[PDB]
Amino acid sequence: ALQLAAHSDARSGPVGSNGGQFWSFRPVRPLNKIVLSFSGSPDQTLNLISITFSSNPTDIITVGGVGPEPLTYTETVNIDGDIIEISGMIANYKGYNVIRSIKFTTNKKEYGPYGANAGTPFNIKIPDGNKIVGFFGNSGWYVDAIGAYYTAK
């Protein structure tokens, strides 16, 4: 049978730092929901612990949060349209450089920033006419690194 070469989407990143596990999530249908969980609080500071990406109840991934630290705040966001860019801050949290804040931008609106403001900035940008269709990265107790899969609209 003819081996008709199968394709893999281009990538941007990862940014952030090395973690114990590589992770990757590129669903067939567009991402429409993101759930972010933190420890701490606004009064002090929100420590990003995990992020959950979903396309529906049958397509979900959770990165970070494998540690014992109790979560104190979670927020569920509905993503309208295609993500086109993300940015955020990276900084040390209990001995590890991790993603500390994140902001998503689609062709419809902005979401965030969610997390702590301080540290080194990062941002994922793609060429004109493209959309982000998945994410990948490294994680452990926290979200250490993140990058995106993108393709032409």
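Note that residue numbering begins at 1 and tracks the sequence as displayed.
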| property | result |
| --- | --- |
| Per the entry, higher mean C-alpha B factor between 39 to 47 and 91 to 99 | 39 to 47 |
| Higher-B stretch (mean Cα B-factor, as the entry records it), 22 to 30 or 57 to 65 | 57 to 65 |
| For residue 121, the third of its chain into which the C-alpha B factor falls | middle |
| Chain thirds of CA B-factor: placement of residue 130 | middle |
